[PDB]
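Starting off, we have a lone chain in the form deposited in one PDB entry, written out as structure tokens.
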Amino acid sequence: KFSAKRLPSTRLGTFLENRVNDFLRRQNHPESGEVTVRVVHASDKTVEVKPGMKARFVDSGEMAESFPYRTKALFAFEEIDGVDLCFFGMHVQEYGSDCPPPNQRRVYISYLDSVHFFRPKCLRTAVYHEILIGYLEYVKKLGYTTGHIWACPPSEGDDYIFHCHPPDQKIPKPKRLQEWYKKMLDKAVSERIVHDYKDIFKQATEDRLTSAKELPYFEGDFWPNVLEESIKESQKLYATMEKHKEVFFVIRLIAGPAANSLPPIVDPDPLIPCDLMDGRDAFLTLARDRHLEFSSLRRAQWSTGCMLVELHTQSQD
């Protein structure tokens, strides 16, 4: 059986799908279907400090040369008339309690994407928010203190995770996407999951940061690249932060003394080797090469079926 449900379970996937299905049960909409959430890749990675920051802070011993993290890919599926549809995906980076500062106990969203066929329409955004809030709830429980989001929509015609979106799925502009994150985070605050959140500039100001070495350094993020582009010739950094403040969310999960003397992060879930889902490139390539598209409900369901066969058959022993 090559179903979504039959993909191996994880504590995280179970936590998220239980949150979503409980939410759906509360809404009691006759058209909602069972949601399945699965983590389909988890691996150890490191992010190397680029040359320039390496020459400036690493070679002096002020900063680590690299930061270890775990990457996880997760997907959500909904049953519609008994057929599974993959409608949401996310790649995250998790920096544990053993990781050197400035990255310890932080999570970062690498990529998030969706295809707009969730049934019913009126619960789609709500379910996306339930997944995101659930993710923050879960990592807070593990002892991660801070979440980080670069709220940047894809460029015209580009796909983050799913190949060939529906032509009529509008892509939000920056302001709309920013507001979307504020709505999600305001809900999380009301549920006492998030303590508070700040834009990157306000965060740096309140922290009284005085050196670029203090800013969290994530794989593929804007800030390592802008630090390199700036270094070609700290006040620059502050200026760049103010200019792009509204794009970058810093989400405080644990505050005050509660954040001070935490035990180590222990993740109960094992690594999950899966080359197909090691970052976003391999799945886009599979979809492109096999002429799969997520461009209509029926096409998306077909492509979901094909994705599932490949996930199961890559995983077999």
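All residue numbers are counted from 1 along the displayed sequence.
In what follows, reference is made to the form solved in complex with a small molecule, a form of this protein that is not presented.
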Assert contact residue (the small molecule, in the deposited bound form, non-hydrogen atom within 4.5 Å, options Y108, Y144, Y197, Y135) equals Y108
The one residue among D221, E79, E94, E246 placing a heavy atom within 4.5 Å of the small molecule in the deposited bound form is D221
Testing 268 to 276, 247 to 255, 60 to 68, 22 to 30 against the small molecule in the deposited bound form with a 4.5 Å heavy atom criterion leaves exactly one stretch, namely 247 to 255
Within a 4.5 Å heavy atom cut-off, is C99 in contact with the small molecule in the deposited bound form?
no
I149, heavy atom within 4.5 angstroms of the small molecule in the deposited bound form
yes
